[PDB]
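*Asks:* Test case, fold it:
(2 chains, ligands or ions: 1)
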Amino acid sequence: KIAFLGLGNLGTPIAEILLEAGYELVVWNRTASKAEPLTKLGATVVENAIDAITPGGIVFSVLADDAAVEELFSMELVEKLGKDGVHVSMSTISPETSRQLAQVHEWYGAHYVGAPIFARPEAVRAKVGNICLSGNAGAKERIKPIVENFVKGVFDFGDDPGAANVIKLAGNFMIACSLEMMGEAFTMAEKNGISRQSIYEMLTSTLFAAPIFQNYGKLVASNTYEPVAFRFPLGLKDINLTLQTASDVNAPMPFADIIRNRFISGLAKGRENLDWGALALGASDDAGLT
Amino acid sequence: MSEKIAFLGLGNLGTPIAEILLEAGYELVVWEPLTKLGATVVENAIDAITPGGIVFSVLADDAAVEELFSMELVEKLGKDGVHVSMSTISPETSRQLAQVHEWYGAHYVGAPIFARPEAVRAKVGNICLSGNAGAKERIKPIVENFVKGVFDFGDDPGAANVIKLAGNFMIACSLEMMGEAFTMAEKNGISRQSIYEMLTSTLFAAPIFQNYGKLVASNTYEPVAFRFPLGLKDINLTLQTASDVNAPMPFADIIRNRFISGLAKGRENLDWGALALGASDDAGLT
Ligand code: NA
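*Replies:* Numbering: from 1, shown residues only, chains lettered A, B, ... in the order given. This is the structure:
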């Protein structure tokens, strides 16, 4: 019944909840072995993504980037999805990529729903994550009861298929700013003979007592960016999507320029295998603490 | 009770702190509405000081504190005297004053406060303390009456001041990132209110984001809690502090320019939250 394309760190747990909730899934992944835990839960697997699509049915996708979504959602695949078909596109991609693809879906009477997820894999299993939806109202109304199974909050951002994507980029931009201001602040404290952990504990106990600052603050305090939750080069990819998006509506983003340079400089320093949180090491570099 | 306390400075934070100490039973010599609850007023601050006693000060800036804590007054505070300094001042001013205090056998405690006037009135605020161990042991029971959390940052008399400036810096950064993000959304045809509501009820669900985010979402920087030029003064203390320990602060440089440009645009009478208008100006929305 429901096609599910892309079974990475988020696709796997998302698909497991939809199977547990009684939905029939036909799944696919570029790496075929990732789908076998879902076959035990009732799902069916196919060798080619187009074999998973039902004319007028629902297809979910969760892929790494803009090129992965465009490569998969070819004209011939979208045409099979066809009239009244609905694509719930959960990848973190550009508003422009979403609006372009949404346009192609409407050629065949199908609907593209921009559905970026605000959840790390643990938050999905715990169903404490959130989703933003944008696109056709009838199509959002059809899939809203499905996505309620793996998130707490569902936020609607209207008709524009790329609007929810703007919110996701803005959210990730604010996370990156939080990392940077803590790097700066904790380095200033450190060079003043104050432990990074003590300033972190005080400030996030009170003023900055939100999950982003407590989870990311511990990384910045210890300045240990291993194990990896999101690979370092992927932070650069995301801030560049934000900068492109803002530039296209003539909006400067001075903080985002600084974040971008932290990633570029970090790659010059051989930090490609660290977590994206390691952008916060730039403040340590500049203050001579390498 | 036993401690007859000198309370110097009675502004927006000074008055509600002095109130709680008067209601808790402490005898206060301030420097008229506190005379009503049981205090005694003096004309010259030095006459409020008891040798070996305790003095609280909460003053508007570094200048106000150094001018009041002269060699004369600190000598009068003298042997075993304790000064609890609650002003948002630079660590350098605290460290300089502290050396003056110990030359005459007194102790300076850096004790900047993290609270709006309403958090003080509720005993919900936090305070950071640093300075001499014995002095903090003496005044902790007194500060516990008007704060919830007490955080000890050791012997360095300016270390608590570093935490305070870092906190104010992170608040300014939060205003700036919401200005940038909400302006990007806005120019993509999304209301500032909708992006604000989603992000500040999930990822950024802390009063700092929900309270300042509302101001940034409507670009209405009211009521005036902290005048715009005080934002520039505070970010300048952070930048000086960071420079003295050879630490660049690139976000703070951006914050500073938002205030300088706002003053060029005549915003001196708006709330410091209006630093967030910069993103709108740059995106051609003002
Ligand atoms: Na739910």
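*Asks:* contacts, neighbours, all on C-alpha from now
*Replies:* OK.
*Asks:* for the residue in the stretch 1-150 of chain A that the ion sits nearest to, what are its contacts?
*Replies:* Distances between the stretch 1-150 of chain A and the ion by C-alpha to the ion are smallest at residue A:148, namely 4.1 Å. Neighbouring residues of residue A:148 by C-alpha atoms under 8 Å, 6 or more residues apart in numbering or on different chains: residue A:154.
*Asks:* mind listing the helices for the stretch 51-200 of chain A?
*Replies:* A:66-72, A:75-81, A:95-107, A:121-125, A:137-147, A:163-191, A:196-205 (DSSP state H, counting those that start in this stretch).
*Asks:* Quick one: these as TSV, columns for mean neighbour count too.
*Replies:* TSV is the format used below for those (neighbours: other C-alpha atoms under 10 Å in any protein chain shown):
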stretch	mean neighbour count
helix A:66-72	15
helix A:75-81	19
helix A:95-107	20
helix A:121-125	18
helix A:137-147	15
helix A:163-191	26
helix A:196-205	20
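*Asks:* Out of those, which gets nearest to chain B?
*Replies:* Nearest to chain B among the helices of the stretch 51-200 of chain A is helix A:163-191; the distance by C-alpha to the nearest C-alpha comes to 5.4 Å.
*Asks:* and the closest one with chain B, contact?
*Replies:* Yes: Helix A:163-191 is in contact with chain B by C-alpha under 8 Å from any C-alpha of the partner chain, via A:163, A:166-167, A:170-171, A:173-174, A:177, A:181-182, A:184-185, A:187-189, A:191.
*Asks:* centroid residue for chain A?
*Replies:* Nearest residue to the geometric centre of chain A (C-alpha atoms, centre = their mean): residue A:92, 4.2 Å.
*Asks:* Let me see the contact set for the nearest residue to it once chain neighbours are set aside.
*Replies:* In space, and not counting its chain neighbours, residue A:92 is closest to residue A:116: 5.8 Å by C-alpha to C-alpha, 6 or more residues apart in numbering or on different chains. For residue A:116, the contact set (C-alpha under 8 Å, 6+ apart) comprises A:89-92, A:131-133, A:164-165, A:168.
*Asks:* One more pass at 7 Å, please.
*Replies:* Contact analysis of residue A:116 by C-alpha atoms under 7 Å, 6 or more residues apart in numbering or on different chains lists A:90-92, A:131-132, A:164-165, A:168.
*Asks:* what's the answer for residue A:25, then?
*Replies:* Applying C-alpha under 7 Å, 6+ apart, the residues near residue A:25 are A:1-4, A:19, A:43-44.
*Asks:* now these as CSV including neighbour count, secondary structure and distance to residue A:107?
*Replies:* Below are the contacts of residue A:25 laid out as CSV (neighbours: other C-alpha atoms under 10 Å in any protein chain shown; DSSP: H, G, I helix; E, B strand; the rest coil; distance: C-alpha to C-alpha, whole Å):
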residue, neighbour count, secondary structure, distance to residue A:107
A:1, 15, coil, 23
A:2, 18, strand, 22
A:3, 25, strand, 20
A:4, 27, strand, 22
A:19, 17, helix, 31
A:43, 23, coil, 30
A:44, 18, strand, 29
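*Asks:* Closest one of those residues to residue A:244?
*Replies:* Using C-alpha to C-alpha, the shortest approach to residue A:244 within these belongs to residue A:4, at 29.1 Å.
*Asks:* burial measure for the spatially closest residue to residue A:158 that is not a sequence neighbour, as a count.
*Replies:* Spatial nearest neighbour of residue A:158, chain neighbours left out: residue A:134 (5.2 Å); criterion: C-alpha to C-alpha, 6+ apart. For residue A:134, the neighbour count with other C-alpha atoms under 10 Å in any protein chain shown is 25.
*Asks:* May I have the residues that are in contact with residue A:134?
*Replies:* Residue A:134 makes contact with A:113-115, A:156-164, according to C-alpha under 7 Å, 6+ apart.
*Asks:* same thing with residue A:140?
*Replies:* Contacts for residue A:140 (C-alpha under 7 Å, 6+ apart) come out as residue A:113.
*Asks:* One more pass at 8 Å, please.
*Replies:* Neighbouring residues of residue A:140 by C-alpha under 8 Å, 6+ apart: A:113, A:133-134.
*Asks:* circling back to that earlier point, okay, the helices of the stretch 51-200 of chain A in TSV with distance to residue A:284 next?
*Replies:* Shown next, in TSV, are those (distance: least, C-alpha to C-alpha, whole Å):
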stretch	distance to residue A:284
helix A:66-72	33
helix A:75-81	48
helix A:95-107	34
helix A:121-125	30
helix A:137-147	41
helix A:163-191	6
helix A:196-205	12
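*Asks:* so what's residue A:253 up against?
*Replies:* A:243, A:246, B:180, B:279.
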